[PDB]
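Have a look at upload_34.cif below; it lists mmCIF, C-alpha atoms.
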data_entry
loop_
_atom_site.label_atom_id
_atom_site.label_comp_id
_atom_site.auth_asym_id
_atom_site.auth_seq_id
_atom_site.Cartn_x
_atom_site.Cartn_y
_atom_site.Cartn_z
CA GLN J 779 -20.58 29.66 69.44
CA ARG J 780 -22.95 29.40 72.42
CA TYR J 781 -25.67 27.48 70.59
CA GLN J 782 -23.96 25.04 68.17
CA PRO J 783 -22.39 22.98 71.03
CA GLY J 784 -25.87 21.57 71.64
CA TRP J 785 -25.86 20.00 68.17
CA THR J 786 -23.82 17.22 66.63
CA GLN J 787 -21.36 18.12 63.89
CA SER J 788 -23.12 16.39 60.99
CA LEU J 789 -26.47 18.06 61.69
CA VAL J 790 -24.79 21.47 61.43
CA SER J 791 -23.51 20.65 57.95
CA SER J 792 -26.94 19.49 56.81
CA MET J 793 -28.54 22.63 58.25
CA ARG J 794 -25.99 24.68 56.34
CA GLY J 795 -26.88 22.79 53.16
CA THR J 796 -30.63 23.20 53.43
CA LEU J 797 -30.43 26.96 53.99
CA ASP J 798 -28.01 27.33 51.09
CA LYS J 799 -30.42 25.59 48.73
CA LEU J 800 -33.27 27.81 49.91
CA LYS J 801 -31.15 30.87 49.15
CA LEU J 802 -30.51 29.85 45.54
CA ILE J 803 -33.84 28.22 44.64
CA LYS J 804 -34.83 29.01 41.05
CA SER J 805 -38.16 30.57 41.98
CA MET J 806 -39.60 32.97 39.43
CA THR J 807 -42.11 34.57 41.81
CA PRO J 808 -39.99 37.52 43.05
CA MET J 809 -39.34 38.50 39.44
CA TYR J 810 -43.08 38.36 38.76
CA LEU J 811 -43.91 40.70 41.63
CA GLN J 812 -41.36 43.32 40.59
CA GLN J 813 -41.95 43.49 36.84
CA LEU J 814 -45.25 41.90 35.79
CA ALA J 815 -47.82 41.93 38.62
CA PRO J 816 -48.10 45.74 38.90
CA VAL J 817 -48.88 45.93 35.18
CA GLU J 818 -51.67 43.41 35.64
CA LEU J 819 -53.10 45.29 38.61
CA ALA J 820 -53.02 48.54 36.66
CA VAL J 821 -54.78 46.90 33.72
CA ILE J 822 -57.53 45.26 35.79
CA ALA J 823 -58.17 48.10 38.26
CA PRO J 824 -60.47 50.40 36.22
CA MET J 825 -62.80 47.51 35.28
CA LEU J 826 -63.40 46.69 38.95
CA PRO J 827 -66.97 47.03 40.26
CA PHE J 828 -65.59 48.55 43.45
CA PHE D 629 -21.07 19.11 33.66
CA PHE D 630 -18.38 16.43 33.65
CA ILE D 631 -19.99 14.61 30.73
CA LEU D 632 -20.46 17.74 28.65
CA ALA D 633 -16.97 19.07 29.37
CA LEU D 634 -15.39 15.82 28.25
CA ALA D 635 -17.62 15.43 25.20
CA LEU D 636 -17.57 18.94 23.73
CA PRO D 637 -13.99 19.27 22.36
CA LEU D 638 -14.67 16.53 19.79
CA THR D 639 -17.47 18.23 17.87
CA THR D 640 -16.82 20.35 14.81
CA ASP D 641 -19.00 23.21 16.06
CA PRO D 642 -16.84 26.36 16.03
CA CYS D 643 -18.80 27.75 18.98
CA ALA D 644 -17.99 24.77 21.22
CA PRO D 645 -15.74 26.50 23.80
CA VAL D 646 -18.33 29.19 24.45
CA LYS D 647 -20.91 26.51 25.18
CA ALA D 648 -18.44 24.75 27.46
CA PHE D 649 -17.95 27.94 29.46
CA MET D 650 -21.65 28.86 29.53
CA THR D 651 -22.50 25.45 30.97
CA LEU D 652 -20.53 26.10 34.14
CA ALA D 653 -21.65 29.73 34.10
CA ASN D 654 -25.30 28.65 34.10
CA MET D 655 -24.72 26.22 36.93
CA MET D 656 -23.05 29.01 38.95
CA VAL D 657 -25.98 31.45 38.82
CA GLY D 658 -26.47 33.02 42.23
CA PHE D 659 -23.23 31.56 43.57
CA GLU D 660 -20.90 33.67 41.40
CA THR D 661 -21.64 36.35 38.80
CA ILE D 662 -19.95 37.73 35.68
CA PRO D 663 -20.60 40.72 33.40
CA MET D 664 -22.43 39.67 30.24
CA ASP D 665 -23.12 41.73 27.13
CA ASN D 666 -26.81 42.66 27.26
CA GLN D 667 -30.09 41.83 28.95
CA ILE D 668 -31.03 39.21 26.35
CA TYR D 669 -28.09 36.79 26.46
CA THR D 670 -27.81 36.99 30.22
CA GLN D 671 -26.01 34.57 32.53
CA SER D 672 -29.10 32.35 32.83
CA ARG D 673 -29.61 31.52 29.16
CA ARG D 674 -29.41 27.92 28.05
CA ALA D 675 -25.79 27.26 27.17
CA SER D 676 -26.99 25.67 23.93
CA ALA D 677 -28.28 29.05 22.75
CA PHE D 678 -24.81 30.53 22.21
#
Represent the structure of the file as structure tokens.
Amino acid sequence: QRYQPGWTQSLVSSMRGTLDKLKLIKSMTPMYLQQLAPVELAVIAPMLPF
Amino acid sequence: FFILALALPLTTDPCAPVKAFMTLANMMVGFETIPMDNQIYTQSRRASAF
């Protein structure tokens, strides 16, 4: 309430739209990190030189 | 979604209504959720698969 008065009404709506799209973007990366990537790290790890 | 919803009820495919519902269900992923049957035919499958 004490920050939006500095902005025009239309810009607020657009800002609301951009954030909403970022929330629901069909990015597969977070799935990869939770299910697949650890398996790959476990597989590779013993063959490391260090 | 408009085009598919209008076009579907004319085909002879018995599984047409399920596809009609899955279309909107797919487009709603992340906005609204529903309980599906298993992990394979989840809410994000192509509606044409059913």
Where does chain J meet chain D within 12 Å, residue by residue, with the nearest atom pair and distance in Å to one decimal for each, counting all atoms listed in the file, listed by chain and rising number, as JSON lines?
{"residue": "J:798", "atom": "CA", "partner": "D:659", "partner_atom": "CA", "distance": 9.9}
{"residue": "J:799", "atom": "CA", "partner": "D:658", "partner_atom": "CA", "distance": 10.6}
{"residue": "J:800", "atom": "CA", "partner": "D:658", "partner_atom": "CA", "distance": 11.5}
{"residue": "J:801", "atom": "CA", "partner": "D:658", "partner_atom": "CA", "distance": 8.6}
{"residue": "J:802", "atom": "CA", "partner": "D:658", "partner_atom": "CA", "distance": 6.1}
{"residue": "J:803", "atom": "CA", "partner": "D:658", "partner_atom": "CA", "distance": 9.1}
{"residue": "J:804", "atom": "CA", "partner": "D:658", "partner_atom": "CA", "distance": 9.3}
{"residue": "J:805", "atom": "CA", "partner": "D:658", "partner_atom": "CA", "distance": 11.9}
Notebook entry, point to check: What is the CA of residue 638 (chain D)-CA of residue 669 (chain D) distance in Å, reported with one decimal?
Noted result: 25.2 Å
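This file gives the following result for the PyMOL selection byres ((chain D and resi 678) around 10): residues 643, 644, 646, 647, 650, 669, 673, 674, 675, 676 and 677 of chain D.
Residues with any atom within 9 Å of residue 653 (chain D), counting all atoms listed in the file and excluding same-chain neighbours fewer than 5 positions away, are residues 648, 660, 661, 662, 671, 672 and 675 of chain D.
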Note to self: Residues within 9 Å of region 630-633 of chain D, please, as a PyMOL selection string. Count only C-alpha atoms; anything in the same chain fewer than 3 positions from it doesn't count.
What the structure shows: chain D and resi 636-637+648-649+651
Would you mind putting back N, CA and C atoms on region 781-798 of chain J, then writing it out as a compact mmCIF listing (two decimals), keeping the file's coordinate frame?
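Dumped everything to rebuild11.txt:
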# COMPACT_ATOMS: atom_id res chain seq x y z
N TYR J 781 -24.52 28.31 70.91
CA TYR J 781 -25.67 27.48 70.59
C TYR J 781 -25.33 26.21 69.83
N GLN J 782 -24.35 26.22 68.93
CA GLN J 782 -23.96 25.04 68.17
C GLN J 782 -23.39 23.90 69.02
N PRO J 783 -22.82 24.12 70.22
CA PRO J 783 -22.39 22.98 71.03
C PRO J 783 -23.52 22.03 71.41
N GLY J 784 -24.77 22.47 71.38
CA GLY J 784 -25.87 21.57 71.64
C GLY J 784 -26.22 20.64 70.50
N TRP J 785 -25.56 20.79 69.35
CA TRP J 785 -25.86 20.00 68.17
C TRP J 785 -24.64 19.19 67.75
N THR J 786 -24.90 18.02 67.18
CA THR J 786 -23.82 17.22 66.63
C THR J 786 -23.26 17.88 65.38
N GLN J 787 -22.04 17.48 65.01
CA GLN J 787 -21.36 18.12 63.89
C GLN J 787 -22.07 17.90 62.57
N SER J 788 -22.51 16.68 62.28
CA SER J 788 -23.12 16.39 60.99
C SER J 788 -24.40 17.19 60.78
N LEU J 789 -25.22 17.31 61.82
CA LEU J 789 -26.47 18.06 61.69
C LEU J 789 -26.21 19.51 61.30
N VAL J 790 -25.13 20.10 61.80
CA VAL J 790 -24.79 21.47 61.43
C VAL J 790 -24.55 21.58 59.93
N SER J 791 -23.80 20.62 59.38
CA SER J 791 -23.51 20.65 57.95
C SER J 791 -24.78 20.54 57.13
N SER J 792 -25.68 19.64 57.53
CA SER J 792 -26.94 19.49 56.81
C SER J 792 -27.78 20.76 56.91
N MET J 793 -27.81 21.38 58.09
CA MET J 793 -28.54 22.63 58.25
C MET J 793 -27.97 23.71 57.35
N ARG J 794 -26.65 23.72 57.20
CA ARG J 794 -25.99 24.68 56.34
C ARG J 794 -26.38 24.43 54.88
N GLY J 795 -26.50 23.16 54.51
CA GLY J 795 -26.88 22.79 53.16
C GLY J 795 -28.29 23.17 52.81
N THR J 796 -29.23 22.91 53.71
CA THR J 796 -30.63 23.20 53.43
C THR J 796 -30.86 24.69 53.24
N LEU J 797 -30.28 25.51 54.12
CA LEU J 797 -30.43 26.96 53.99
C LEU J 797 -29.82 27.45 52.68
N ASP J 798 -28.66 26.91 52.32
CA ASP J 798 -28.01 27.33 51.09
C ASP J 798 -28.89 27.07 49.88
